[PDB]
Structures are given as structure tokens and as C-alpha cells.
There are 2 protein chains.
Amino acid sequence: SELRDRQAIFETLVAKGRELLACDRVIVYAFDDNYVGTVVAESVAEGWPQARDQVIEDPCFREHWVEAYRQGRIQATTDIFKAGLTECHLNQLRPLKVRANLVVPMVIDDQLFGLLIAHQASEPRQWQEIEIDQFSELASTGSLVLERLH
Amino acid sequence: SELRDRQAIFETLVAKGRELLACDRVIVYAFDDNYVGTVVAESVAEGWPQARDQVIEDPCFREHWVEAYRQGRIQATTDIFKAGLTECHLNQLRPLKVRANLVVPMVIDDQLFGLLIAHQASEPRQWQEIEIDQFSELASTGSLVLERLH
Ligand SMILES: *[C@H](c1[nH]c(/C=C2\NC(=O)C(CC)=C2C)c(C)c1CCC(=O)O)c1[nH]c(C[C@H]2NC(=O)C(C)=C2[C@@H](*)C)c(C)c1CCC(=O)O
Ligand SMILES: *[C@H](c1[nH]c(/C=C2\NC(=O)C(CC)=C2C)c(C)c1CCC(=O)O)c1[nH]c(C[C@H]2NC(=O)C(C)=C2[C@@H](*)C)c(C)c1CCC(=O)O
Ligand SMILES: [Mg+2]
Ligand SMILES: [Mg+2]
Ligand SMILES: [Mg+2]
Ligand SMILES: [Mg+2]
């Protein structure tokens, strides 16, 4: 089925993503029609909390970032505690132990289906250009495959 | 249908592969149980013969290299005319036009499904570490997608 196909691609991307970056967690954060996000796929190293299946109602995508991510925005943050983020935002990440994150979009037929997100837990991390490129290309490959499958 | 889904992934791999490398041709070369290979997808620049839909039986794989390719072996050849190859080997490449090539494995369910292959047709080409890494990861990503899709 279409949804099973999407899930197979998502599970592939999180597994290869974590292997590529050797980070602590990679997820696909998939959007519903209102851009409420569900963690539909996760690859996480041993010992860290499992975000899989969590529903996170974060309004900043619907309200602020849908267009930029459709246009290919990438956001990389070395230390989430030194990024001017509000407590409301931090409280979404604290239970998952996020200290640094890297966000690339999954754009399928010009629509934002979700985000592929890497986490470094309890440890700041300066994401390097080549890591960002490889992570972005992974998301692009998965998105293009889904475009062609249906 | 596995066959239709297969082609969708292969078309993404060859198109993205040739864009990444800016080379003359990228193909998927898939093995059967005799380890005879068939070119099942191709992206090729203008002016070069279309290698698509060629069955090419090369015994060196089954006789020497299948297990090595399963374990991540590649072939990076800067100039095929300086590799001391036999007339049999040159003969099978002559209709396609191959001056340099990069061969990376596609491993699915711990079996060698085939090879993702890049050709430069009219000049030597020293393949760079970043290119080999990107091309290998493209093949690995596509292989894992197929592994999880069905
Ligand atoms: C925008 C925003 N949210 C997220 C969310 C996540 N990062 C992750 O790693 C995960 C998985 C655990 C999620 C989910 C990101 C990365 C961003 C930044 C987008 C970008 O800059 O490209 C955002 N959301 C909030 C929440 C806050 N604002 C509210 O109105 C309410 C209510 C909130 C609490 C839930 C904030 C502060 C931001 C950043 C500020 C902004 O860009 O508007
Ligand atoms: C091994 C060998 N064959 C190939 C084949 C290809 N290169 C390409 O670009 C394509 C797509 C058009 C194909 C197909 C490669 C890359 C390699 C090297 C493998 C490796 O070392 O990793 C090989 N095959 C032959 C052919 C020759 N030997 C025979 O017994 C008969 C019959 C032949 C004619 C068909 C040769 C000489 C080699 C190299 C020597 C070896 O590895 O055994
Ligand atoms: Mg189907
Ligand atoms: Mg690597
Ligand atoms: Mg489509
Ligand atoms: Mg399978």
C-alpha cells in the first residue's frame, strides 16, 4: 500500500541516516494535513528514550516554516541551549535528551510530507558541511523514490 | 508489483548517480542465478550508446568476487587501457565505450543483487574519495529501500 511504501522508505532513511552520522537518534517527523507531527520512524542508539509513535503538536511549522522547508531549508543547531529557544520548545526536546539537531525536509511532489531529523544527545555537535550534504541527499533520494513509486 | 517498484528505485539511482558524478553513464547491473548481469536501468549523456537492456555474462564475478562485493568491495579504474585487461574484457566494454569506471555493490538480504556502475567514456578519470563515498552510499540506500519495501 501507499502508506506501507512511505513507511518502508522512512524506516530506511532513519537507519541509514544514523549510520551515516553516527549520531544518537534519527527520526522521520511526518505531518498530517494540519502539520501536527508524528514520529513515524526512528533509529536510536541503545540507552536513549524512544520517540517512536509520539505525537508532537508544534505550531511553528504550520505558522512559520512550511514554505521555507518546501523550498529546501536546512536547519543545523550545535547547542540547543544556546540558540535562543523558548521553554515551550525546549520542553519538546528535553524528554528526548536532544542537545544538537539537524533538520532536512522530505519534499514529495512539491509538498512537505515531513522532516528527517538527526539528534546528538547530551552532547553539543557542530554539524559539518559534508555531513549536512549527505544527510540532505539521503532525504532527497527517499523523496524522489516516493515520487516515482506512485 | 516488485518489478514495477524495482524500476522506480533503479531510475532514481541512475539519475541521481549521474547528476552526482557528472559522468557519461550510470547503470544498474543486476545478477541472475548464473551471475549473468543485465543492464536494467541507465542514465546516459548525449552521444554515447545506450547500454540499457544488455545482457553481459562476465564469469569473473561468480569465480572470484561475489563474496568480496557482498562485503563492500568496489572497482575504481582510472584508465581501462592501463589496467592490463584481456581482450575478452575489453571486447565486452567496446560497444558501450568505457574509459574509466566505478563499480559499487547493491546488497539486499545479505545477497549480491547487482552493481551500480558509473562510466566515463572518452577520457580517464581518477575517482575521488568523496565521489566514491557518495556513489557507494547511493547504492546502499537504494538497496536498503528495496530490502524494506518488500
Ligand atoms: C519551530 C521548530 N520546531 C522544531 C521541532 C523539533 N525539533 C526536533 O528536533 C524535533 C524532534 C524531537 C522537533 C519536533 C524545530 C526544529 C523548529 C525550528 C524550525 C526552523 O528553524 O527551521 C519552533 N517551535 C516552537 C514551539 C513553541 N512556539 C509556540 O508557539 C509554542 C506553543 C511552542 C511550544 C510547543 C518554537 C519556539 C520554535 C522556534 C521559533 C520559531 O521559529 O517560531
Ligand atoms: C572481472 C570484472 N568484470 C567487470 C565487468 C564490468 N565492468 C563494467 O563497467 C561493466 C558494465 C558494462 C561490467 C559488466 C569488472 C568491473 C571486473 C573487475 C572485478 C573486480 O576486480 O572487482 C573480469 N572479467 C574479465 C572478463 C574475462 N575473463 C574471463 O574469464 C572471460 C570469459 C572474460 C571475457 C568476458 C576479466 C579479464 C576480469 C578481470 C580479471 C578478474 O578479476 O578475474
Ligand atoms: Mg505496491
Ligand atoms: Mg560515511
Ligand atoms: Mg509520482
Ligand atoms: Mg525485504
# chains A, B, ... in the order shown; residues from 1 in each chain; ligands from 1

$ select_by_dssp --residues "stretch 56-135 of chain A" --states "strand (DSSP E)" --output "list in words"
residues 56, 75, 76, 77, 98, 99, 100, 101, 102, 103, 104, 105, 106, 107, 108, 111, 112, 113, 114, 115, 116, 117, 118, 119, 120 and 121 of chain A

$ interface_residues --of "chain B" --to "chain A" --cutoff "10 Å" --atoms "only C-alpha atoms" --output "list in words"
residues 4, 5, 6, 7, 8, 9, 10, 11, 12, 13, 16, 20, 130, 133, 134, 137, 138, 140, 141, 142, 143, 144, 145, 146, 147, 148, 149 and 150 of chain B

$ write_last_selection --atoms "N, CA and C atoms" --output "PDB file, in the first residue's frame"
ATOM      1  N   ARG B   4       7.756  -3.464 -10.893  1.00  0.00           N
ATOM      2  CA  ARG B   4       7.498  -2.047 -11.131  1.00  0.00           C
ATOM      3  C   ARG B   4       8.179  -1.182 -10.078  1.00  0.00           C
ATOM      4  N   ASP B   5       8.079  -1.573  -8.806  1.00  0.00           N
ATOM      5  CA  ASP B   5       8.743  -0.820  -7.746  1.00  0.00           C
ATOM      6  C   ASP B   5      10.253  -0.815  -7.947  1.00  0.00           C
ATOM      7  N   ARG B   6      10.818  -1.966  -8.324  1.00  0.00           N
ATOM      8  CA  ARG B   6      12.242  -2.057  -8.632  1.00  0.00           C
ATOM      9  C   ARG B   6      12.666  -0.961  -9.597  1.00  0.00           C
ATOM     10  N   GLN B   7      11.966  -0.857 -10.728  1.00  0.00           N
ATOM     11  CA  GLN B   7      12.364   0.090 -11.761  1.00  0.00           C
ATOM     12  C   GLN B   7      12.328   1.520 -11.244  1.00  0.00           C
ATOM     13  N   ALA B   8      11.344   1.845 -10.403  1.00  0.00           N
ATOM     14  CA  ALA B   8      11.278   3.186  -9.831  1.00  0.00           C
ATOM     15  C   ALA B   8      12.542   3.502  -9.042  1.00  0.00           C
ATOM     16  N   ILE B   9      12.987   2.561  -8.207  1.00  0.00           N
ATOM     17  CA  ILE B   9      14.211   2.779  -7.445  1.00  0.00           C
ATOM     18  C   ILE B   9      15.410   2.874  -8.380  1.00  0.00           C
ATOM     19  N   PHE B  10      15.499   1.971  -9.362  1.00  0.00           N
ATOM     20  CA  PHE B  10      16.646   1.983 -10.268  1.00  0.00           C
ATOM     21  C   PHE B  10      16.729   3.300 -11.030  1.00  0.00           C
ATOM     22  N   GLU B  11      15.585   3.820 -11.480  1.00  0.00           N
ATOM     23  CA  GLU B  11      15.600   5.071 -12.232  1.00  0.00           C
ATOM     24  C   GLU B  11      16.098   6.221 -11.368  1.00  0.00           C
ATOM     25  N   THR B  12      15.731   6.227 -10.084  1.00  0.00           N
ATOM     26  CA  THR B  12      16.248   7.249  -9.178  1.00  0.00           C
ATOM     27  C   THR B  12      17.753   7.105  -9.001  1.00  0.00           C
ATOM     28  N   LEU B  13      18.237   5.871  -8.846  1.00  0.00           N
ATOM     29  CA  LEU B  13      19.658   5.659  -8.599  1.00  0.00           C
ATOM     30  C   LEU B  13      20.501   6.127  -9.780  1.00  0.00           C
ATOM     31  N   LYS B  16      20.159  10.144 -10.160  1.00  0.00           N
ATOM     32  CA  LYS B  16      20.894  10.825  -9.102  1.00  0.00           C
ATOM     33  C   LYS B  16      22.382  10.516  -9.190  1.00  0.00           C
ATOM     34  N   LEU B  20      25.220  13.364  -9.551  1.00  0.00           N
ATOM     35  CA  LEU B  20      26.256  13.494  -8.533  1.00  0.00           C
ATOM     36  C   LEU B  20      27.643  13.503  -9.161  1.00  0.00           C
ATOM     37  N   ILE B 130      35.448  11.444  -2.118  1.00  0.00           N
ATOM     38  CA  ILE B 130      34.094  11.918  -1.847  1.00  0.00           C
ATOM     39  C   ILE B 130      33.114  11.355  -2.869  1.00  0.00           C
ATOM     40  N   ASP B 133      32.466   7.730  -2.019  1.00  0.00           N
ATOM     41  CA  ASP B 133      31.624   7.628  -0.833  1.00  0.00           C
ATOM     42  C   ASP B 133      30.163   7.913  -1.167  1.00  0.00           C
ATOM     43  N   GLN B 134      29.965   8.955  -1.858  1.00  0.00           N
ATOM     44  CA  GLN B 134      28.574   9.368  -2.228  1.00  0.00           C
ATOM     45  C   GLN B 134      27.915   8.299  -3.109  1.00  0.00           C
ATOM     46  N   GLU B 137      27.153   5.147  -1.081  1.00  0.00           N
ATOM     47  CA  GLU B 137      26.015   5.338  -0.190  1.00  0.00           C
ATOM     48  C   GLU B 137      24.707   5.417  -0.966  1.00  0.00           C
ATOM     49  N   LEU B 138      24.740   5.963  -2.180  1.00  0.00           N
ATOM     50  CA  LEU B 138      23.549   5.948  -3.021  1.00  0.00           C
ATOM     51  C   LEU B 138      23.119   4.515  -3.309  1.00  0.00           C
ATOM     52  N   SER B 140      23.897   1.838  -1.593  1.00  0.00           N
ATOM     53  CA  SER B 140      23.483   1.209  -0.343  1.00  0.00           C
ATOM     54  C   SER B 140      22.089   1.664   0.063  1.00  0.00           C
ATOM     55  N   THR B 141      21.795   2.952  -0.108  1.00  0.00           N
ATOM     56  CA  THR B 141      20.476   3.460   0.247  1.00  0.00           C
ATOM     57  C   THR B 141      19.398   2.826  -0.622  1.00  0.00           C
ATOM     58  N   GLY B 142      19.628   2.772  -1.933  1.00  0.00           N
ATOM     59  CA  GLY B 142      18.647   2.158  -2.811  1.00  0.00           C
ATOM     60  C   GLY B 142      18.447   0.688  -2.503  1.00  0.00           C
ATOM     61  N   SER B 143      19.536  -0.011  -2.175  1.00  0.00           N
ATOM     62  CA  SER B 143      19.433  -1.423  -1.832  1.00  0.00           C
ATOM     63  C   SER B 143      18.608  -1.623  -0.569  1.00  0.00           C
ATOM     64  N   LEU B 144      18.853  -0.808   0.461  1.00  0.00           N
ATOM     65  CA  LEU B 144      18.097  -0.950   1.700  1.00  0.00           C
ATOM     66  C   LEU B 144      16.627  -0.608   1.490  1.00  0.00           C
ATOM     67  N   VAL B 145      16.337   0.384   0.646  1.00  0.00           N
ATOM     68  CA  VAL B 145      14.946   0.682   0.319  1.00  0.00           C
ATOM     69  C   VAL B 145      14.264  -0.560  -0.242  1.00  0.00           C
ATOM     70  N   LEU B 146      14.894  -1.201  -1.230  1.00  0.00           N
ATOM     71  CA  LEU B 146      14.303  -2.400  -1.812  1.00  0.00           C
ATOM     72  C   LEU B 146      14.181  -3.507  -0.774  1.00  0.00           C
ATOM     73  N   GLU B 147      15.169  -3.614   0.116  1.00  0.00           N
ATOM     74  CA  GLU B 147      15.132  -4.642   1.149  1.00  0.00           C
ATOM     75  C   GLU B 147      13.924  -4.468   2.062  1.00  0.00           C
ATOM     76  N   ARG B 148      13.600  -3.226   2.419  1.00  0.00           N
ATOM     77  CA  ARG B 148      12.490  -2.962   3.324  1.00  0.00           C
ATOM     78  C   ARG B 148      11.156  -2.816   2.607  1.00  0.00           C
ATOM     79  N   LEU B 149      11.165  -2.434   1.327  1.00  0.00           N
ATOM     80  CA  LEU B 149       9.913  -2.214   0.610  1.00  0.00           C
ATOM     81  C   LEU B 149       9.106  -3.500   0.493  1.00  0.00           C
ATOM     82  N   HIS B 150       9.780  -4.624   0.290  1.00  0.00           N
ATOM     83  CA  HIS B 150       9.110  -5.914   0.221  1.00  0.00           C
ATOM     84  C   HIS B 150       9.950  -6.952   0.943  1.00  0.00           C
TER      85      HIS B 150
END

$ select_by_dssp --residues "chain A" --states "alpha helix (DSSP H)" --output "count of residues only"
54

$ residues_around --residues "residue B:21" --least-positions-apart "5" --cutoff "12 Å" --atoms "only C-alpha atoms" --output "list in words"
residues 13, 14, 15, 16, 26, 43, 44, 45, 101, 102, 117, 118, 119, 120, 125, 126, 127, 128, 129, 130, 131, 132, 133, 134, 135, 136 and 138 of chain B

$ residues_near_ligand --ligand "ligand 1" --cutoff "8 Å" --atoms "only C-alpha atoms and all ligand atoms" --output "MDAnalysis selection string"
chainID A and resid 27 29 37 39 51 56:61 63:65 68:69 73:75 85:93 96 98 101:103 117:119

$ closest_residue --among "A:112, A:124, A:107, A:35" --to "residue A:76" --atoms "only C-alpha atoms"
A:124

$ closest_residue --among "A:121, A:139, A:83, A:108" --to "ligand 5" --atoms "only C-alpha atoms and all ligand atoms"
A:108

$ residues_near_ligand --ligand "ligand 3" --cutoff "7 Å" --atoms "only C-alpha atoms and all ligand atoms" --output "list in words"
residues 1, 2 and 5 of chain A; 1 of chain B

$ write_last_selection --atoms "C-alpha atoms" --output "PDB file, in the first residue's frame"
ATOM      1  CA  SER A   1       0.000   0.000   0.000  1.00  0.00           C
ATOM      2  CA  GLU A   2       0.966   3.657  -0.387  1.00  0.00           C
ATOM      3  CA  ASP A   5       5.604   2.183   0.923  1.00  0.00           C
TER       4      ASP A   5
ATOM      5  CA  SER B   1       4.393  -5.385  -8.051  1.00  0.00           C
TER       6      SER B   1
END

$ residues_around --residues "residue A:53" --least-positions-apart "4" --cutoff "8 Å" --atoms "only C-alpha atoms" --output "PyMOL selection string"
chain A and resi 38-41

$ closest_residue --among "B:28, B:106, B:47, B:123" --to "ligand 2" --atoms "only C-alpha atoms and all ligand atoms"
B:28

$ decode --residues "stretch 102-130 of chain A" --atoms "N, CA, C and O atoms" --output "mmCIF file, in the first residue's frame"
data_model
loop_
_atom_site.group_PDB
_atom_site.id
_atom_site.type_symbol
_atom_site.label_atom_id
_atom_site.label_comp_id
_atom_site.auth_asym_id
_atom_site.auth_seq_id
_atom_site.Cartn_x
_atom_site.Cartn_y
_atom_site.Cartn_z
ATOM 1 N N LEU A 102 19.769 18.405 13.539
ATOM 2 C CA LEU A 102 19.930 18.725 12.130
ATOM 3 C C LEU A 102 18.641 18.322 11.435
ATOM 4 O O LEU A 102 18.199 17.176 11.568
ATOM 5 N N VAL A 103 18.039 19.261 10.709
ATOM 6 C CA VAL A 103 16.696 19.108 10.157
ATOM 7 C C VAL A 103 16.768 19.324 8.653
ATOM 8 O O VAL A 103 17.200 20.390 8.194
ATOM 9 N N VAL A 104 16.335 18.324 7.890
ATOM 10 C CA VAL A 104 16.223 18.443 6.438
ATOM 11 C C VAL A 104 14.814 18.031 6.027
ATOM 12 O O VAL A 104 14.201 17.177 6.685
ATOM 13 N N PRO A 105 14.265 18.595 4.957
ATOM 14 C CA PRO A 105 12.870 18.323 4.606
ATOM 15 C C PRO A 105 12.698 17.153 3.653
ATOM 16 O O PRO A 105 13.580 16.807 2.864
ATOM 17 N N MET A 106 11.525 16.533 3.752
ATOM 18 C CA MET A 106 11.074 15.496 2.830
ATOM 19 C C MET A 106 9.986 16.136 1.975
ATOM 20 O O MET A 106 8.851 16.303 2.429
ATOM 21 N N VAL A 107 10.386 16.456 0.822
ATOM 22 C CA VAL A 107 9.503 17.177 -0.149
ATOM 23 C C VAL A 107 9.177 16.206 -1.311
ATOM 24 O O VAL A 107 10.045 15.821 -2.019
ATOM 25 N N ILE A 108 7.921 15.890 -1.494
ATOM 26 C CA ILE A 108 7.368 14.897 -2.407
ATOM 27 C C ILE A 108 6.307 15.591 -3.249
ATOM 28 O O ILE A 108 5.334 16.131 -2.709
ATOM 29 N N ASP A 109 6.442 15.655 -4.498
ATOM 30 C CA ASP A 109 5.527 16.351 -5.399
ATOM 31 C C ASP A 109 5.272 17.776 -4.913
ATOM 32 O O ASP A 109 4.136 18.253 -4.860
ATOM 33 N N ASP A 110 6.357 18.456 -4.544
ATOM 34 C CA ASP A 110 6.359 19.849 -4.106
ATOM 35 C C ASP A 110 5.630 20.071 -2.786
ATOM 36 O O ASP A 110 5.407 21.226 -2.401
ATOM 37 N N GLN A 111 5.262 19.008 -2.077
ATOM 38 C CA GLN A 111 4.575 19.109 -0.799
ATOM 39 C C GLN A 111 5.477 18.598 0.317
ATOM 40 O O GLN A 111 6.250 17.654 0.132
ATOM 41 N N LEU A 112 5.364 19.229 1.483
ATOM 42 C CA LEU A 112 6.197 18.893 2.637
ATOM 43 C C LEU A 112 5.530 17.757 3.404
ATOM 44 O O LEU A 112 4.591 17.976 4.173
ATOM 45 N N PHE A 113 6.027 16.532 3.203
ATOM 46 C CA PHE A 113 5.460 15.371 3.879
ATOM 47 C C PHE A 113 5.976 15.229 5.306
ATOM 48 O O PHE A 113 5.281 14.664 6.158
ATOM 49 N N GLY A 114 7.178 15.716 5.582
ATOM 50 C CA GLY A 114 7.753 15.564 6.899
ATOM 51 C C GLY A 114 9.178 16.076 6.918
ATOM 52 O O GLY A 114 9.649 16.703 5.966
ATOM 53 N N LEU A 115 9.852 15.792 8.026
ATOM 54 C CA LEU A 115 11.232 16.194 8.233
ATOM 55 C C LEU A 115 12.040 14.977 8.649
ATOM 56 O O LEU A 115 11.567 14.142 9.424
ATOM 57 N N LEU A 116 13.251 14.877 8.117
ATOM 58 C CA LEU A 116 14.236 13.907 8.575
ATOM 59 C C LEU A 116 15.156 14.645 9.536
ATOM 60 O O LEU A 116 15.784 15.638 9.155
ATOM 61 N N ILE A 117 15.209 14.185 10.784
ATOM 62 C CA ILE A 117 15.849 14.929 11.862
ATOM 63 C C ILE A 117 16.862 14.032 12.555
ATOM 64 O O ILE A 117 16.535 12.907 12.947
ATOM 65 N N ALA A 118 18.082 14.539 12.715
ATOM 66 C CA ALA A 118 19.136 13.865 13.457
ATOM 67 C C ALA A 118 19.335 14.560 14.797
ATOM 68 O O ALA A 118 19.269 15.790 14.883
ATOM 69 N N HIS A 119 19.591 13.767 15.836
ATOM 70 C CA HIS A 119 19.829 14.268 17.181
ATOM 71 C C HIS A 119 21.174 13.767 17.677
ATOM 72 O O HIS A 119 21.489 12.580 17.537
ATOM 73 N N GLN A 120 21.953 14.662 18.269
ATOM 74 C CA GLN A 120 23.030 14.282 19.170
ATOM 75 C C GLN A 120 22.543 14.557 20.586
ATOM 76 O O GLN A 120 22.091 15.668 20.883
ATOM 77 N N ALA A 121 22.599 13.541 21.440
ATOM 78 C CA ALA A 121 22.018 13.610 22.771
ATOM 79 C C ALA A 121 23.078 13.969 23.804
ATOM 80 O O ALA A 121 24.193 13.441 23.773
ATOM 81 N N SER A 122 22.714 14.870 24.715
ATOM 82 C CA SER A 122 23.550 15.245 25.857
ATOM 83 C C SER A 122 25.004 15.448 25.441
ATOM 84 O O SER A 122 25.935 14.894 26.029
ATOM 85 N N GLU A 123 25.192 16.271 24.413
ATOM 86 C CA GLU A 123 26.498 16.482 23.805
ATOM 87 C C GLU A 123 26.355 17.460 22.642
ATOM 88 O O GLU A 123 25.712 17.126 21.641
ATOM 89 N N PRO A 124 26.907 18.673 22.722
ATOM 90 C CA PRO A 124 26.842 19.573 21.562
ATOM 91 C C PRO A 124 27.602 18.990 20.380
ATOM 92 O O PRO A 124 28.523 18.188 20.541
ATOM 93 N N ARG A 125 27.205 19.399 19.176
ATOM 94 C CA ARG A 125 27.829 18.872 17.967
ATOM 95 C C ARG A 125 27.716 19.895 16.850
ATOM 96 O O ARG A 125 26.606 20.275 16.467
ATOM 97 N N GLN A 126 28.858 20.327 16.321
ATOM 98 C CA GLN A 126 28.875 21.198 15.151
ATOM 99 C C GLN A 126 28.745 20.328 13.907
ATOM 100 O O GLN A 126 29.678 19.605 13.543
ATOM 101 N N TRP A 127 27.591 20.394 13.255
ATOM 102 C CA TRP A 127 27.376 19.611 12.049
ATOM 103 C C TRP A 127 28.213 20.186 10.913
ATOM 104 O O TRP A 127 28.169 21.390 10.642
ATOM 105 N N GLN A 128 28.983 19.324 10.259
ATOM 106 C CA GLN A 128 29.895 19.743 9.207
ATOM 107 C C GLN A 128 29.185 19.768 7.856
ATOM 108 O O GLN A 128 28.155 19.121 7.653
ATOM 109 N N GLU A 129 29.765 20.527 6.922
ATOM 110 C CA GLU A 129 29.137 20.729 5.620
ATOM 111 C C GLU A 129 28.886 19.402 4.911
ATOM 112 O O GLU A 129 27.799 19.173 4.367
ATOM 113 N N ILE A 130 29.884 18.517 4.898
ATOM 114 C CA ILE A 130 29.737 17.269 4.155
ATOM 115 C C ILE A 130 28.708 16.362 4.818
ATOM 116 O O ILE A 130 27.975 15.640 4.132
#
